[PDB]
Amino acid sequence: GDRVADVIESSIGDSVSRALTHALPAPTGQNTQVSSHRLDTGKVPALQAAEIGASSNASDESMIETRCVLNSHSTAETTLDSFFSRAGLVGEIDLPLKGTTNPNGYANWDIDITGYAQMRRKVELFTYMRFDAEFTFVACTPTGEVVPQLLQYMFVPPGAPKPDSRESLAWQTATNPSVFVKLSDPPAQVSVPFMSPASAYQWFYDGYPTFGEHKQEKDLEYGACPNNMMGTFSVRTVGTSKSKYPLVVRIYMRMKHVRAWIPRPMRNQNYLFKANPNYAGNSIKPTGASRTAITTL
Amino acid sequence: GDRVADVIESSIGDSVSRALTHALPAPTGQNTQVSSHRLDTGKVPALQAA
Amino acid sequence: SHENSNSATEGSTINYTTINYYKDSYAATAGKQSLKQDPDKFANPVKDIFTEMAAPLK
Amino acid sequence: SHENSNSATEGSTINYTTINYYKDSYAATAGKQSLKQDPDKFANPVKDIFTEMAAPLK
Amino acid sequence: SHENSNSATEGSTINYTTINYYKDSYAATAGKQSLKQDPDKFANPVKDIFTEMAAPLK
Amino acid sequence: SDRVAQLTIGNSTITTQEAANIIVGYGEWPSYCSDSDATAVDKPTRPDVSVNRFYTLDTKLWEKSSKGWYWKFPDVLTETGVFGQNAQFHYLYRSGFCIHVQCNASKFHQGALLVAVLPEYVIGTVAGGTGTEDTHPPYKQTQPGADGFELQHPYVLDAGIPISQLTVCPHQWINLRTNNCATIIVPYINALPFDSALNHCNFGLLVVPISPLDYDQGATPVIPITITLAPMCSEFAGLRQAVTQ
Ligand SMILES: CCO/N=C/c1ccc(OCCCCCN2CCN(c3ccncc3)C2=O)cc1
C-alpha cells in the first residue's frame, strides 16, 4: 500500500504512449476549394518559420485565387505493399563444372539481400521493416538453356548443420524444409514468414553484437545484428556423381504484408559492400545533375 | 444557368459600394465631459502613429 | 477461414482483404490495404500547433 | 467482388457482365456490352428537327 | 463429408481441422491440432501432491 | 508566448527567451514499457528524479569553417551521474530523451544550424578513398562518448546518405536571427522493448551548420554550442555487477 503524496500523484509506470497525431482516411488526393482575394492585416498564411521543424501549412487556396477541383486521383499505388510487393533479384548462385568457386556440385548462400542495389536502396528508405515474403527460384545454364536436371534447395536455419558436399548427410532434410524441382519445371516458389527474434528486421544497427573490448580486429562486427541473420539457403544437384551441366540459380524476393518504421535519407553514393554503408571517399558525387550558374538553366 | 462553383460563389457584379463610415447629425459643437486623473499602464491616448 | 494467424500484419491498424488456400495466413496474397495516412507525424510534429493564418512565432 | 475499380470502362453509360480472378478489374474479360445506340448524334445533328413527311426546307 | 473414418487419429482426445478430396480420411492433410498439454503426467506423477510453499518431505 | 519557455525536470530547470516551439519526435511522448510489449520477467527499477534530469555534457565552438558534429545516445551519458551507474549495473535499459541544444549570438551575427535526431545512425568509412578497402570505423568513432565527433564529409553524413534529406527526421534549426536553441523530445526507438545501453546506440544527434557563421571584425568571435539532455521514463532491468563495455 501507498501513502506519501508524491507516490500517489506519480506518473511512473504510464504505459500508454500519448500520440499527438492520428491517421485519417485518404483514398484520393485532396480537392481544391474556390478561394477569392483577401486583403487583410493580421492574417498571413504565406509567412512561415522553418526553424520550428514543421513543413509549411500554406495551401493553394490562400496563395492564389483558385477554382473548385474535385480530385479523384487514387493514393493506392503508394502504399507500402504496392511499392514493395514486386519481385526483384536479391541473390545469385553459381554451380559450375570445372571452376574456382563451387566445383563440387553444391553451394551455400548466406541469406542477405543487400548484394543488389535496386532492391537494397528501396528497403533502406526505412529503418525497421516487418514482412512476409514470396521467394522464387529461377534456374538455367549460363546461356539461359533448360536442361533435364534435378535440384534440391534446402533452408538451413542458424544452428542446423550446413552441407559441406553434394553428398552431405544433412540433405536427409528430416526437419529443415527442402524443395526438389527440375530445371525444366516452372520456377520453384514458396512463402516465407517473418522469422526474426525481434519485432522487425532493421537495415541499420548502430552498435555491436557482444560485450567486451571493441578492438581493431573485431571492428568487422560493428553494425552486425543477429536478428537480421535468418540462415543459409543451400542448393545441390541431386546425385552422387558430378552433374553434366553448369547451373545458375537466380533468387527473387517479393515482400508482402509489409509494415515499416522510421524513414531515412535515401542512398546517394554507390554501394561497395553488403555489410556496411561504406562509400568511396575519392568519388563523393553530388546527389544530382549540376549546372554552370545559378542564374541560367 | 450557372453550375461551376467559382461562378456561383463569385462577387463579380456587386454594385453596392460598401462604406466604412456614415454621417451623424451635428448641429452644434461637441460638448466636454468631466474627466479626472488617470495613472494607468496599457492605456495610452496621447501616443499615435501618423 | 479456420487458419493460423501467423501473417506479419496480424493485429495491424489497417485491415487487408486477401486470398489463401493454406492453413498458414502468411501464405496469403498481399491483397488491398486500407488507405489511411498520417502526414503530421513527420511533417508537423510540434507540441503547440499553430494556424495557417497566424504568424508561426509570437 | 471486393476488387479495385480500375477497368477502363469504370463509370460508363453501358453496363458490362464480366469474369475475373484478380484484385484489379482491368484484368477481367471483355464480357457482354449493353446494346444501346444513338445514330442521330452523327446522322441527324440538326438544331431544329424536321419530319419525314415534311419538306426539309421551307 | 460422407467418408470412411480410417484416419490414424479417429477417436482421439484432440480434434483436428483438415482437408481431403478422397473417400478415405487418412488421405487428409495433417491440419491444425488442439493445443492441450499435460506436463504433470511426466513431471509430477506423485500420489500425494505437495505444495510449492511446503517442505516436500515432512 | 512560443518564443519563451521553461523546461523543468528533476532538480533542473532550463529557460529560453528565443525558442521556436518544441518538436515531439514522430508525434509521440516517451512512455514506460507496457506489460504486453515487455518480455523480461524481473521487476524493473525506475529511479525517477535521480536519473531523469538535465545533464549538460559538452560545448563546441562554432567557427566559420566548422563542419558539424554528432553524439550517440545513450552513449553520451553512460559514464555520468546516477543514470550512468544504472546503465552500467544493468543489462537492460530503455528511456526517452529531451534534447536542448543551445547557441546564442547577437543581432549582428548570422548562420543556421540544423539539429536533428537520426535513429540507428550507422557510421561508414571512405573505404581507403578508392573504395577497394573494406575499412571499418573504430570504437572511438562509433561511440564517441560525451565529446562527440566531428563529421569528415557532412554532405553524405559520413554514411553515404544526403544531409539534404535529414529533415525527414525530427529536427529544428537554430537560425541566429530567430532563435537561440532547439528542443526535441524523443520517445524510445527500437525493435525490442529494452536493450543494452552499452552495445547499442538508439540514435545519433547531429548538429551541422548549413548556413555558415559570419560576423564583422569586432563582434564576439567565440560562439559556443552547448548540449544539454535529459532521460525520460528511464527503466532498467537485469541487475548484476557494473560493466563499462
Ligand atoms: C525449401 C527452402 O525454401 N526456403 C527458401 C527461403 C527463402 C528465404 C528465406 O528467408 C528469407 C529472409 C529474408 C530476410 C532478408 N533480410 C532481413 C534483414 N536483412 C538484413 C541484411 C543485411 N543487413 C541488415 C538486415 C536481410 O537481408 C528462408 C527460406
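Residues numbered from 1 in each chain as written, not as in the entry; some residues may be left out. Chains lettered and ligands numbered in written order. Part of a larger assembly, values for the part shown. Heavy atoms only, no water.

If you check the header, you'll see the entry was determined by X-ray crystallography and the resolution is listed as 2.65 Å.

S.K.: In this structure, what is going on with the pattern of salt bridges? I would like to understand it.
M.R.: Side-chain pairs of opposite charge can arise whenever the charged atoms involved come near each other. The tally for this structure, following the rule as stated, stands at 12 salt bridges over all chains. With a shortest N-O distance of 2.7 Å, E134 of chain A and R254 of chain A are connected by a salt bridge. Taken as a pair, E134 of chain A in strand β4 (residues 126–140) and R254 of chain A in strand β10 (residues 247–263) lie far apart in primary sequence, 120 residues in all. Here the two residues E134 of chain A and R254 of chain A agree in accessibility, since each one is buried. Note that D48 of chain D is salt-bridged to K47 of chain D, the shortest N-O span being 3.0 Å. Residue class for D48 of chain D comes out exposed when judged on its relative accessible area of 58%. Three or more residues joined by partner-sharing salt bridges are found here, namely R46, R94 and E235 of chain F. (Salt bridge = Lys/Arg side-chain N within 4 Å of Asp/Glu carboxyl O. Helix = DSSP H or I, 4+ residues; strand = E, 2+ residues; numbered from the N terminus. Buried < 20%, exposed > 50% of the residue type's maximum accessible area, 1.4 Å probe, protein only.)

S.K.: Sorry, what's going on with the sheet that holds strand β8 (residues 149–150) of chain F here?
M.R.: Two modes of strand pairing occur in sheets, parallel and antiparallel, and in both the strands are linked by backbone hydrogen bonds. Residues and elements named next belong to chain F. The five strands lie next to each other as β8-β5-β11-β7-β9, forming an open sheet whose pairing is antiparallel. The sheet is open, and its two edges are formed by β8 and β9 (171–175), each paired on a single side. Sheet topology places strand β5 (residues 69–73) next to β8; two bridges connect them, and they run antiparallel. In the strand pairing of β8, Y70 is matched with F149. (Pairing = 2+ DSSP bridges.)

S.K.: Looking at this model, I keep getting lost on a nonpolar patch on the surface. Mind explaining?
M.R.: Residues and elements named next belong to chain A. A cluster of nonpolar side chains, namely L150, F180 and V238, defines an oily patch on the protein surface of about 240 Å² accessible area. Within the element layout of this structure, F180 appears in strand β6 (residues 178–182). Assessed through its relative accessible area of 46%, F180 is described here as partly exposed. (Patch = residues over 30% accessible without salt bridge, like charges linked within 9 Å, V, L, I, M, F, W, Y side chains within 5 Å. Areas by Shrake-Rupley, 256 points an atom, 1.4 Å probe, with all protein chains shown as cover.)

S.K.: I'm lost on unusual backbone geometry in this one. Help?
M.R.: Note on backbone geometry: most residues besides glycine have negative phi, and most peptide bonds are trans. Residues and elements named next belong to chain F. Put simply, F73 and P74 share a cis peptide bond, and its omega is 0 degrees. Even without being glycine, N21 reaches a positive phi, approximately 70 degrees. Locating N21 in the fold gives a position in the loop between β2 (12–16) and β3 (23–24). Given a relative accessible area of 4%, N21 falls into the buried group.

S.K.: Teacher, can you tell me more about the site of the ligand here?
M.R.: Residues and elements named next belong to chain A. Taken together, 18 residues sit near the ligand, with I113, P177, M195, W203 and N228 positioned nearest. At 3.2 Å from an oxygen atom of the ligand is found a main-chain nitrogen or oxygen belonging to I113. Contact with the protein chains covers 92% of the free accessible surface of the ligand, which is 680 Å². Looking at side-chain class alone, the shell around the ligand contains 13 nonpolar, four polar and one charged residues. (Near = heavy atom within 4 Å. Polar contact = N/O pair within 3.5 Å; in protein donor to acceptor, adjacent residues only side chain to side chain. Nonpolar A, V, L, I, M, F, W, Y, C, P; charged D, E, K, R; others polar.)

S.K.: Teacher, can you tell me more about the environment of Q88 of chain F here?
M.R.: Residues and elements named next belong to chain F. When you line up the elements, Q88 lands in helix α1 (residues 81–89). In this structure, the C-alpha to C-alpha distance between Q88 and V243, residues 155 residues apart in sequence, is 5.0 Å. Ignoring anything within four residues of it in the chain, the contact list for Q88 reads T78, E79, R240, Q241, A242, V243 and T244. (Contact = heavy atoms within 4.5 Å.)

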